[PDB]
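Chain nomenclature is as follows: A, B, C, D, E and F, assigned in order of appearance, with residue numbering initiated at 1 for each chain independently.
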Amino acid sequence: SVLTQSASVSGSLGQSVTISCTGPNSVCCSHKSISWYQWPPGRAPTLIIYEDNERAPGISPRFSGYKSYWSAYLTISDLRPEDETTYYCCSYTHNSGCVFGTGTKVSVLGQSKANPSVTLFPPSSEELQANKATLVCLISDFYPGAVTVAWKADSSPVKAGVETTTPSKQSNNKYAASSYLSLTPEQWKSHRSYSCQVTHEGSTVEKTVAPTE
Amino acid sequence: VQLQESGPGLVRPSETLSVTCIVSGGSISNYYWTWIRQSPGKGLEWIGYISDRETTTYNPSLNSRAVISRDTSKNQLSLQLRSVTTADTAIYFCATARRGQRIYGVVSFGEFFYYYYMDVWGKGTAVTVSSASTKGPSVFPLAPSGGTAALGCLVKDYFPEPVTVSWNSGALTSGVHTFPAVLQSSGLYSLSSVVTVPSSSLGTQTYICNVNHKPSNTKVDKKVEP
Amino acid sequence: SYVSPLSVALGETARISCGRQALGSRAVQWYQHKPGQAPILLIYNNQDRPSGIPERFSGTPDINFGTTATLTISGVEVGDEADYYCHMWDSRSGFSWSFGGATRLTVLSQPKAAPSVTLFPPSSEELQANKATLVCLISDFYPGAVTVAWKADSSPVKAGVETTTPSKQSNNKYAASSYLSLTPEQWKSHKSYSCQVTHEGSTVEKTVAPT
Amino acid sequence: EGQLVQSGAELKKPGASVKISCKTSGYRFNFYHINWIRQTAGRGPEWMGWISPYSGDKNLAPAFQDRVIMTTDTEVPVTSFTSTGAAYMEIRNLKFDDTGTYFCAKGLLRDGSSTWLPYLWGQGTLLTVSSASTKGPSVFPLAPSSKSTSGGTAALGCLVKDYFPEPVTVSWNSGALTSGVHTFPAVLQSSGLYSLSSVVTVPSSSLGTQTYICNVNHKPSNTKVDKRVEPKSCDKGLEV
Amino acid sequence: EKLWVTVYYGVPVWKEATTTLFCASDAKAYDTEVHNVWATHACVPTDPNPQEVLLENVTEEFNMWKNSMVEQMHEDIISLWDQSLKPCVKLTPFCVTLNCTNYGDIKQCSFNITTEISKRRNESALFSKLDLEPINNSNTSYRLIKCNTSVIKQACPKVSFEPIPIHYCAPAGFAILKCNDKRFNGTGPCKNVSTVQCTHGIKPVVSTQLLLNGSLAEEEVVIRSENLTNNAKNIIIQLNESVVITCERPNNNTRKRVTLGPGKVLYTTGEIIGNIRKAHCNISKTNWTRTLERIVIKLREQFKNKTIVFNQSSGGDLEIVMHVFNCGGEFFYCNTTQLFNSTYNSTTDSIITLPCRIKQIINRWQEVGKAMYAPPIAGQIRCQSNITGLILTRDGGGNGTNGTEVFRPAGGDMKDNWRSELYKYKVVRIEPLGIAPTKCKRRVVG
Amino acid sequence: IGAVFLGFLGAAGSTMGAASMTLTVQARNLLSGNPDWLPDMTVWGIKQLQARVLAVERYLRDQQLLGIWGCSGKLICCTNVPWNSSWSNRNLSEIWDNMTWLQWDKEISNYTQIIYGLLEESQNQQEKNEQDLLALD
């Protein structure tokens, strides 16, 4: 897309943050209105800013817009946990449709830490009956937008059949993720225990299941 | 169709009249037939009629004294009138009856009516209601100049209504005149029938008058000669 | 009784009105009746003519107009002298058993005709039957007036005469018959008897004698 | 103050066509432009076009000008100021890069310099373009596991596996159980099969008074699975 | 950011209400016919150009069963009938005993008049069977049916009973909303709305059962009802194609003017010239069967696919079971057996002819009281009307439910005839005062 | 600004702003509705004349309100009464470019009497006090 926004921007809790939106003069803002949208992934967006400064109905006064002759800006004051999401700008006129920007991901610094919740599930007897085995390591309630997952067979790493998902944001502004380990019934029965290790930059948690019990 | 009547010629008071009507040229089963009479000094009075279903309807002025019947085996229509008086003396005609429909609106609403019209008639038959008896007529020859002579038969003293007079059947039809009857003070009747004949045909040709008096039992021929 | 008479000049148009006026839509028949003959259906359905009936006769159509049933005879002839019955049917009177009272049609102004007189003396059989009747036959006279007188020789006989009333015959001419009944001694008493006929025309007579 | 409900998710082979509907309610459908916007992983959010229910005038982006046909029905009035309507978008010549989520969106103002601006958005319709067929999912029970021994809480759920069509919905007790439900996103296996898991947290003492039934739906394969989660756990921490 | 209220006078805002409308009609001179009561002496001069304005983007809710124009029109036809019968002659002295004989319902009746004009007058007039009832029951004596219930007044001979177009207008500050939707249900929201000052030319055709000389619904026929599942409410139907009904009184009646006294004149039915033919109405069976087939197609739209039977009326008095209407001055009562004698399931012409009796004394709109004697009309009668609607009624309680459905004709109220032509109009009051905030303030006083 | 005339109530479905400029159309026909000649009252004019007087009684009632609000001769006039957010929480562009006068009256219907009380008291009843004080000296 020719409408470029700042790839990333960060602000502290209770502070303000500014997102940029600019491009060539063919899409520029001197003769085009600029609008801003809050677009959480996997959900419907919400209009926050239209016709430059004028904000949408019901929008809090924390949001403000400003448009220069070379770029436009969106200012979010008094940052909240829910403001930490993806934002898009668009350039439009009255007869021509919307031209979305590249997108900007906002990170709110200065938030409290939230301990991770790990839960490991073994394969069901009906699944072992179907001759497959899948260990499910579910992880929720995350303070940072990142995890690292490792699997171990009898305290030794595993590398075949590991599939880990990307972190996803919870409705309570926390994060969540999951990992799956596919195994054959021989590998499952020939070991004393399996382990799912979730590593964070502040603390590493380990959960262990055993085929014996 | 051809119709011809036949009757008694005389009925006594308080007796039963009876006339018959022979039809020809048409089947009796597919038509309506009716009877009408005319008395002296009166008009045509409709007696009644019979249908193809052999059902009969009568004028109430006849007071149920009349009855009309069919006989297909002899193709004849019949009529009886019981308990006659002198007023029932009349010439009785038989006729064919056709039924027409005069519609002035909706058939279901009864906005129509029927009417009968007689299209074929009979010459009628003379019937008299009298106590006395039928008297046969004594007939005499009136014997026979402009090239022609007069030749007559005198039919004298017959009691009831008509008398048939013929002359050599069909040969003498060109110049024959049968005069109307005279009523004598005695109640007897008399008529005369004359023919105009070439005088040269006298002495060579023959002429007889056939006098039929059907009401009485009678039949006479009279050869007239100079 | 009195019925109805009508007089029409020869050759003109006679119109015979119906004795009844229909209360509703009508069906009228016109009949013709001559003395001593069978009646004839002239008109049925008020306007329909049977085959053989001359077109000189006509009735009035029922066109819902206020017109009475009328029989029209154009160019009347002496052969049209008869009684004409108007059989009237309509929707409000019911079954009409009555033929109504016809009106006798008299056609006038035909040529006057001289009467033929034939006088027959008593038959020899009648004389030997102890009776005697002189027959005077008058025929072929068109005018209506008549008079027959009898004379025993030169004196006029007053009794014993019985004369028919004249009536038209099959040649449209009138005919009458006069009978003078005598006894055989009265017949042979006088030298001659005579039938003298009187007719708005001239004196006419014939004479017989015992021989 | 109105709701826009779009048609369900579909799966169409590349080269075929598909018609998406968008039924509206709660406002005058004749008064606001209906916009169509899609989002794919390769090109991000991309505005496709809009159509006017009042005049029928349509404006399509040149990238979708030859493959998108937009139509609208007539508004079925409800009250003096509200009505119900429907808008349709038929897209043809589908390719693999067209797989994504589509949205219908109500305009902003009746008059002004920005009338068509997408304001009220639908829930979204998932469109999958692939030559692979539809595969029905398999459901397995997730036995209860301890969450807090001192707190007396446990977690149980149901595991869904091997399904190609991504649209999958899970409910509990026919929608009567909504509190404590946690549904996890699906995983993309190397074979091209998608699988997820769902878990609910309940007090461990609730074993003899409440029934727990997980209802798995799958509109593409048209398969429903009602699994009863066995409440007897094997976790020693929960056995105590 | 400072919002101040601002007054606006003339805002398009209206509210439902009921007001008092007024007559509107063309000004036909009619010099030969002295001011018929529906054309009046001078009600208004109608506007040369009728003016209607489509109100685009406006939806509004209509309800023909809670309308006030129907209650107004009903009270106006009743009041107009009473104001037209006051100056006419009242038949108070006619109730003298009548010696009657047959002319067959039509009967002749001799009587002795009590005048003031020399003491008494013998007269005999042609009276129908419905107008009279015997007392001795030995056919010796008769009387008017009304002489034991209420008074009677003869209708004036100059006024004509012909319905003419009447427009209902709203006064200043009011407006009439006209729904123009083709498939418009009886009640509900109408998408197309246009305002008018006056309604269309509505003819006050007072009829029973079938609706005459009305307006035809556009495109498909319409089935309107307050409740279709509840039987007790009538069913009004409006066809798209109008059938033709030709009624006739073939009797060439005659009028005989009879003087009561000073000024009072009674018009008696003279002896009938011509034949006696009862009144009848031809209705084409082909276009009636076609119309009957288009009605059942839409009746089933609310009763499964196939369940329907057509019977005749079986409730009420003679004035409700029969198709009562006016034509030429005489009021006809027609037997409607052959029209409602059918059975349809599973989804040659012989023009149908109905028998019609005649009544000269009437009590319309269920009026118990002042009664009107319709004077006899001289000459034969022939009218051709466009039957445009019907009024049906279910039988109700059914064990089989969908097994069979049966629709009988009825006319429980006369207001149904006004509802069949007032379904599309509605009265509202314009409220021109609207206050809305803007960023404008009046000149400060300080 | 719109120069197209649509007739009486022709701007009912349009926005409030598009209709706020054509108030002279609904003001002429609001008062003028007279049956000029040819009227006889027989269960008609009693109802007809009252309907004509009830129109001018409500008309003069509206002019009485505009009289005590200081806008007797103007269709458009601005006041001193501030806008309370409890009445409606919509912005300026949300009211004059999105809603109609019909649906706007339904939203503020609950507070019409409250605003009418402040319109005849907060300003005109109090601005006439300072108006007497400005032209006092």
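Quick note on the criterion: a residue touches a chain if its C-beta (ideal position, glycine included) is under 8 Å from a C-beta of that chain, and two chains touch if they have at least 3 such contacts.
Participant: How short can a path of touching chains from chain C to chain F be, counted in steps?
Facilitator: Tracing touching chains, the least step count from chain C to chain F comes to 2.
Participant: State the pair with the higher C-beta contact count; candidates are D-F and C-E.
Facilitator: D-F
Participant: Could you give the separation in Å between the centres of chain A and chain C, each centre being the mean of its C-alpha atoms?
Facilitator: That pair's centroid distance is 141 Å.
Participant: What is the distance, in whole Å, between the centres of chain A and chain E, each centre taken as the mean of its C-alpha atoms?
Facilitator: That gives a centre separation of 75 Å.
Participant: So, what's the distance in Å between the C-alpha centres of chain D and chain C?
Facilitator: That pair's centroid distance is 123 Å.
Participant: Rounded to the nearest whole Å, what is the centre-to-centre distance of chain B and chain F, using the mean of the C-alpha atoms as each centre?
Facilitator: Those two chain centres are 113 Å apart.
Participant: Quick one: which residues in chain F touch 2 or more of the other chains?
Facilitator: Within chain F, residues 14, 93-94, 100, 102 contact more than one other chain.
Participant: If I count partner chains per residue in chain B, which residues reach a count of at least 2?
Facilitator: Each of 104 in chain B touches at least two other chains.
Participant: Among the residues of chain C, pick out those that touch two or more other chains and give their numbers.
Facilitator: 24-25, 91 - these are the residues of chain C that touch more than one other chain.
Participant: Looking only at which chains touch which, which shape fits best: line, ring, star, complete or other?
Facilitator: Contact map by chain: other.
Participant: Quick one: which bits of chain B touch chain E in the complex? Just the residue numbers, please.
Facilitator: Spelled out, the residues of chain B in touch with chain E are 104-106, 108-109, 111.
Participant: List the residues on chain C that touch chain B in their complex, please.
Facilitator: Those in contact with chain B are residues 1, 3, 24-27, 29, 31, 33, 37-41, 44-45, 50, 85, 87, 89, 91, 97-102, 118, 120, 123, 125-126, 133, 135, 137, 139, 162-164, 167, 169-170, 175, 177, 179.
Participant: Of all residues in chain D, which touch chain A in the complex?
Facilitator: Per the stated touch rule, the residues are 35, 37, 43-47, 49-50, 59, 61, 103, 108, 113-119, 121-124, 140-143, 145, 147, 155, 159, 161, 182, 184-185, 187-190, 195, 197, 199, 234, 236.
Participant: Considering the complex alone, what residue numbers of chain A touch chain F?
Facilitator: 54, 57-58
Participant: What residues on chain C touch chain E, complex-wise?
Facilitator: 24-25, 64, 91-92
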